[PDB]
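Both counts, for ligands and for their atoms, begin at 1 and track the order of listing. Both backbone and side-chain heavy atoms feed into the values below; hydrogens, waters and symmetry mates do not. The sequence lines fix the lettering, A, B, ..., with proteins before strands; numbering per chain opens at 1.
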Amino acid sequence: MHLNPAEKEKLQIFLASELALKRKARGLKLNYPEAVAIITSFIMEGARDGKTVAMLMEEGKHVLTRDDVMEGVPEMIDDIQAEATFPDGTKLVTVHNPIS
Amino acid sequence: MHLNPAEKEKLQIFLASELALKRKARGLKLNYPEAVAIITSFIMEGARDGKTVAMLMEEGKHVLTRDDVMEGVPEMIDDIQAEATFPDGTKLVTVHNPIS
Amino acid sequence: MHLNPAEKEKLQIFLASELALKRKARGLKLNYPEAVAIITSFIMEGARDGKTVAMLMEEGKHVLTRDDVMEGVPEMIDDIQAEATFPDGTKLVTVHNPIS
Amino acid sequence: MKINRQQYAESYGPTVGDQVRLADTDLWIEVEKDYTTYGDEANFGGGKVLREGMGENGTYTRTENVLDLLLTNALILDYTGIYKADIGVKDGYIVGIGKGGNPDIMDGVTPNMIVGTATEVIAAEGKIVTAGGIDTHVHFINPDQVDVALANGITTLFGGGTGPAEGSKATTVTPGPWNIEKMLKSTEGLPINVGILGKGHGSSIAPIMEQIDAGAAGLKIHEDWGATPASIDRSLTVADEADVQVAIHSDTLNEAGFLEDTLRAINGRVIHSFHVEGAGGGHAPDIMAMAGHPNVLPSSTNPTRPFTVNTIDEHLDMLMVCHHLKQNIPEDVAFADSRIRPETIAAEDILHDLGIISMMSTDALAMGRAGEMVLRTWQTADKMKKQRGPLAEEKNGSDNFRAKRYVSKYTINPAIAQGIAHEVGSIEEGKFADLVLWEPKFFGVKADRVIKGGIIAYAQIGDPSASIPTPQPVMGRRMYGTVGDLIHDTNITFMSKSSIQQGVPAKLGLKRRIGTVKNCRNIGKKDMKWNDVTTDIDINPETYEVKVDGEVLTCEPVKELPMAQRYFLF
Amino acid sequence: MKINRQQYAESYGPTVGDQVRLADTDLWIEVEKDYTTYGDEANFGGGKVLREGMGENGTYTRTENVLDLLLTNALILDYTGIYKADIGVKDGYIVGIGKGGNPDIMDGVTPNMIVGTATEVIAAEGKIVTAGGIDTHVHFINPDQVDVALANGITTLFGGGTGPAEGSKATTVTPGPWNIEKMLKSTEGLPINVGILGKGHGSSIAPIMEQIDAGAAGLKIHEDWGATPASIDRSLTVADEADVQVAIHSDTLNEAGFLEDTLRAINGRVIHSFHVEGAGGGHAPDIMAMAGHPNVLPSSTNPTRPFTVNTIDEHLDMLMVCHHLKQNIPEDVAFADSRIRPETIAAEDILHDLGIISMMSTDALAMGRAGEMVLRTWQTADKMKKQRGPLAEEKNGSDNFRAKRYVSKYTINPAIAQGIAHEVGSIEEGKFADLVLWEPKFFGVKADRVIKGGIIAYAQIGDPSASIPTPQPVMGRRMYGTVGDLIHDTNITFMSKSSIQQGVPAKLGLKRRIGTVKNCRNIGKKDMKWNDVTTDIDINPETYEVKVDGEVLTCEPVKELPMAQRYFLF
Amino acid sequence: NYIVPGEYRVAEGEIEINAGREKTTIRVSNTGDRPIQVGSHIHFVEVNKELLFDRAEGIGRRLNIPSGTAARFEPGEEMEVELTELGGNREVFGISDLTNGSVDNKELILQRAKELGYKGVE
Ligand SMILES: [Ag+]
Ligand SMILES: [Ag+]
Ligand SMILES: [Ag+]
Ligand SMILES: [Ag+]
Ligand code: NI
Ligand code: NI
Ligand code: NI
Ligand code: NI
Ligand SMILES: [O]
Ligand SMILES: [O]
């Protein structure tokens with residue numbers, strides 16, 4: 001596979017996202033690391049799909065809403081940042097104030 | 001996400017549980033580490049659901065039965081121990097003789 | 001669970017395979033590490049099912065075809081090698097030219 | 001020109017009168033004073049103040065009142081105060097708490113806090129800065145325990161063990177000269193401060209003392225080695241000669257004595273009473289009465305902290321697993337019921353709030369959680385505010401009094417008890433620069449950056465392949481202070497005066513900073529900052545009810561805690 | 001008062017006559033004798049025996065017959081016996097096997113096994129304790145291989161390599177003075193015992209000998225460097241002068257000779273024959289006949305161990321991948337068919353059972369599995385019991401004879417072959433305290449705790465953030481023996497007498513314990529414990545059938561093994 | 001032929017503890033209000049001062065119970081226990097500091113026990 005350090009680390013984010021999505025599916029309000037994991041994995045999978053940085057900056061603000069997460073979680077997340085391989089190489093996505 | 005060491009380790013248990021559940025779904029009798037992984041993840045997800053230590057001590061004895069696992073696996077597992085964040089903080093669950 | 005080093009590493013392959021299968025299910029042509037991950041996990045899960053080395057040497061050549069993967073990926077993969085616990089202990093499987 | 005107080009606090013962190021919530025608790029800290037000169041605040045970055053000829057001095061060499069490191073705009077939370085200051089570090093020590101920058105152009109610059117060519121900058125604006133935590137009940141069982149401790153703001157581990165040997169799995173003991181030498185060598189590789197306890201057991205002086213001479217920093221008396229009158233007496237005779245602390249886990253079984261017998265053997269000599277509530281060990285059921293005595297420095301371990309609805313069910317089973325108890329041996333059930341007591345666990349919350357139990361600790365991997373001393377201190381303070389109300393001593397609607405009483409329990413008080421508060425345990429000039437930055441939202445839950453001897457050792461930081469360090473995944477990671485030889489200069493091995501005088505560091509080739517244990521025979525309960533109360537604690541032998549000043553101490557267990565499911569992935 | 005034998009065995013581990021199943025095999029070991037005094041058994045914990053004035057002596061200083069460590073109630077499985085004893089360790093060595101405790105009050109205490117203030121305790125009741133495994137066929141290719149080895153109870157790695165260079169990926173060779181010096185320095189960081197082999201190739205003495213003087217512990221003759229009569233002869237001339245062992249992988253291709261030519265070059269001198277069955281390398285098809293000769297110390301590598309239904313399909317393809325063979329080059333197909341032979345692999349199982357092949361080894365990362373030497377030894381013994389029945393030598397329905405014959409193959413015999421059995425390879429007084437604790441359920445599969453030089457180096461242990469160490473996830477982890485400078489005192493670098501006499505350790509700054517290689521030119525097959533059989537092995541050149549004493553050696557391959565899918569996650 | 005991995009097949013018979021040593025039965029009363037549990041290997045004369053028994057009968061002896069087990073006395077409980085003889089050198093040091101030498105010095109042990117209020121020095 002020839003995994004480099006970042007590929008090995010970022011597998012962990014997908015896993016945490018899968019765990020969080022299962023918790024959301026059985027009706028839990030998600031906590032801080034769950035919410036971050038879901039939005040981060042969304043961004044990285046979006047890059048893999050070949051979306052633009054601009055599309056993901058918009059979409060990332062609509063993955064979770066305040067009624068998906070615990071009290072205070074929206075206000076704990078100022079932004080979510082992720083680097084992924086787009087068709088045009090690695091780029092940084094920042095989603096600002098992802099949850100209101 | 002601000003993952004601490006235990007959060008990073010315990011992601012591995014959920015993963016091993018997901019692997020074991022797929023093996024059980026295609027009709028395999030589960031082995032020792034599979035059985036431990038399934039019951040451990042059950043306990044940690046139970047804590048996350050907000051069950052009590054007392055509920056999980058009972059439920060953990062009914063997650064797998066001897067007809068789910070290989071010969072000798074029931075007798076190899078004296079107990080399964082897991083620490084997870086309950087609504088009232090980290091607590092230890094021990095499930096005694098989980099498989100008969 | 002008593003995980004040894006190889007058990008801890010090989011959980012990563014199953015995870016990468018789960019990620020790749022989700023990417024294939026939403027209609028992406030798979031890349032090099034995705035393709036390797038899917039075929040590797042197939043082999044390790046085959047061993048767990050109790051297939052022979054001979055069965056997996058055959059089956060591994062039909063898990064993915066060239067229309068499942070990006071241009072050049074078939075020609076990048078000369079072979080895929082995996083060691084797993086068969087009913088008769090650890091054995092090496094090599095799948096030669098898995099994708100045409 | 002004027003700035004409103006919301007914009008001021010956003011830019012520079014809070015100032016006098018402003019309050020900050022501690023994580024998701026109900027606890028509010030208030031800035032008591034500020035060392036700044038409004039308009040001359042120090043800050044670092046593009047077009048900011050710490051630039052050559054401006055807030056950075058371009059003239060002075062490092063020796064000429066210049067800092068190696070300035071933490072700008074820190075909100076300090078310490079037994080000494082809750083206040084706003086710059087923190088200056090040089091040669092790995094805190095040299096200045098006040099106002100940093102350039103006396104060329106700035107008013108109010110503390111004379112030894114010049115920012116110069118030699119100065120690194122950490123932005124602490126909007127952070128809470130505390131001393132590193134001092135955990136005095138550590139079992140050395142699994143080296144993976146050190147990162148767990150760093151991630152919750154612990155910088156000093158005092159205790160014992162050789163790894164997952166049964167002696168070490170039950171007791172904070174590194175026994176004998178050879179085990180002590182081997183673990184001092186192991187310590188060279190641990191990125192945290194360390195002090196090692198010997199076995200506080202024997203009927204002759206020499207077998208006990210030779211552990212102090214070999215490099216132990218103190219002793220542990222444990223019932224699993226025989227917490228007898230003789231082992232107590234010989235240990236304290238050694239400690240009085242050697243100037244080191246003794247910790248005790250007393251005879252739960254009352255085999256050779258009751259509590260009054262253990263107090264008679266102690267004979268008024270100073271001792272640290274571990275897990276004084278007694279679920280973690282000690283004379284059944286009345287060990288917690290130790291905490292009323294003037295010669296006792298009392299700590300709790302953390303699993304009873306605080307009293308929750310799952311505590312008793314969890315502890316009864318934990319003790320069954322730990323002790324290999326059988327539910328069908330009546331003597332095992334009676335033992336467990338005599339040791340795990342809601343009456344003493346509920347009273348333990350209130351004794352903390354009253355300043356009668358002076359210290360927290362973990363009991364890491366023996367009967368306690370390596371990364372939850374700081375976490376459970378604040379959960380206890382928050383529960384007590386909800387159930388008992390603001391303390392009478394509070395003003396301005398702040399929890400400053402309670403915040404100083406509780407921060408003392410895991411910083412200065414363990415340091416004083418161990419004879420190491422000359423080096424560590426508080427943010428004071430002249431002490432080692434062990435400092436923890438916290439985002440208020442994560443306060444007491446997950447440390448932002450842990451500074452060890454003036455270099456970052458541990459940080460919550462993200463993708464190492466990224467353009468910037470904040471992208472996912474953000475996790476606890478070892479930093480450059482842990483790497484190569486820098487692990488030696490940023491960490492302290494605490495040792496007895498005699499082992500130091502006898503040249504043990506050179507004999508064993510230790511490269512770590514060597515700290516001297518001293519001044520821990522001359523102290524008592526009165527020396528425990530904000531936690532100095534002596535009183536007659538009565539524990540009813542039939543009902544286990546606890547009374548202080550004729551009043552039963554009781555509170556309810558809580559169903560929920562802050563600093564819990566909002567933060568943790570498991 | 002009397003205890004029934006079920007309750008006795010539950011409390012203290014088994015005693016005389018009691019049997020224990022090895023993992024999920026059909027193999028039973030029986031306790032042959034017990035050093036205890038019934039009622040005075042040593043044990044550690046709350047209200048237990050090893051307490052001051054009781055089973056712990058409170059009088060004696062460490063030098064006065066006191067242990068640094070007691071393993072209580074161990075079931076020893078060793079070439080020397082299968083028996084119950086306490087094991088006492090001091091200064092990193094086994095000093096006493098017998099009965100530990102306090103001569104004040106206990107009968108039958110071994111005089112140098114006092115439990116004192118200085119003594120740590122490991123509970124071995126209900127555990128099997130063996131010597132650490134001695135793997136003499138190690139390729140140093142990937143440092144991740146060391147934990148793999150520790151997790152299956154291996155404590156010594158003898159072999160060669162510089163990492164994943166092609167020379168090292170094929171041969172156990174660290175070539176020349178500079179590569180040897182670099183790998184001796186690398187070794188300072190590996191938490192396992194190590195000895196390094198030089199290249200056993202040349203036609204002049206000096207290029208070979210200078211590797212011994214540089215710090216090599218032996219030589220490897222490999223066909224990939226030219227396993228010619230000259231390279232064989234010069235290597236053995238060097239070895240006879242230097243007192244080090246030579247390992248050989250012979251000329252599979254028969255290019256410069258057949259087996260009789262290789263034996264003539266050896267000329268009756270002692271040699272270790274690697275992978276003697278020949279799938280791993282050697283004269284096609286008859287290399288395994290080496291194992292009948294008195295001057296040959298014969299080992300198997302592990303992938304042929306034992307003969308299973310997937311063995312041949314796996315090996316034919318493994319050799320294709322390893323050698324880059326093409327299925328459409330008839331010479332490649334002929335080579336593969338001449339080298340991978342069910343006839344010699346089936347015979348190899350029986351030659352092990354008969355004590356004609358003396359040793360196991362891995363061939364780690366070149367053609368063998370770093371963590372499966374111990375695992376496959378017991379799988380072979382179990383297969384042989386099922387197919388051949390109890391050996392004639394057995395009594396009481398136990399497999400003790402077979403268990404001593406097979407445990408010798410990976411403990412004492414490789415140590416004797418390498419000239420290192422004065423230090424390692426068995427549980428005997430005076431030897432280095434390399435000890436592996438096994439739960440019987442996990443015996444030979446996953447080690448509980450690996451002790452290196454009297455300190456735990458590796459353990460199956462759980463959550464480092466937990467109250468106790470047993471919660472999930474339980475996995476193999478490095479312990480304090482691996483950390484800081486303690487990695488130096490708990491591990492041995494084995495070196496030639498000449499490199500030691502010439503001061504190589506001081507020249508290179510080696511801090512590890514230095515072990516001397518000696519007494520490996522004066523030995524033969526007769527010196528291989530329980531595996532000392534010499535015989536005429538005939539291998540038919542047309543059919544590849546193996547005969548000993550006129551009888552064809554054949555057995556069937558098995559479809560299933562124990563110590564396999566019940567235990568492993570992959 | 002069900003396989004329990006690592007199971008025991010223990011031999012027939014029983015293990016006699018402390019074989020060939022004199023046994024003595026005595027009555028012991030916990031006069032205190034807190035539970036007292038006594039281990040197998042504590043010199044019996046040196047137990048908690050609030051246990052009332054004939055102290056002379058505890059000299060040179062310990063509980064005749066399996067190694068590592070204990071006798072429990074609830075508050076106010078009186079019961080019989082069986083003692084066996086100490087072995088080895090029959091010396092005791094430390095614990096309650098009543099012996100610090102041979103167990104043969106009965107008068108000296110009892111004089112110290114009495115002076116310190118160990119109940120039942122007759
Ligand atoms: Ag405990
Ligand atoms: Ag316990
Ligand atoms: Ag090969
Ligand atoms: Ag090859
Ligand atoms: Ni304790
Ligand atoms: Ni403890
Ligand atoms: Ni070879
Ligand atoms: Ni090899
Ligand atoms: O403890
Ligand atoms: O090999």
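Under a 4.0 Å N-O distance rule, the pair E:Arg51/D:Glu255 qualifies as a salt bridge. For D:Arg376 and D:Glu348, the salt-bridge test fails: no basic side-chain N is under 4.0 Å from an acidic carboxylate O.
For the atom pair OG1 (E:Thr252) and NE2 (E:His283), the distance works out to 8.0 Å, reported to the nearest 0.5 Å. Atom CG of residue D:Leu197 and atom OG1 of residue D:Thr174 lie 7.5 Å apart, to the nearest 0.5 angstrom.
Under the rule for a ring-ring contact (aromatic ring centres under 6.0 Å, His included), E:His352 has no partner lying at least two apart in sequence or in another chain.
Panel detail: the Ni ion (ligand 8) has protein N, O or S atoms under 2.8 Å away, 3 in number.
Using a 3.5 Å distance cut-off with no hydrogens or angles, the side chains of D:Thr377 and D:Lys409 do not pair a donor with an acceptor.
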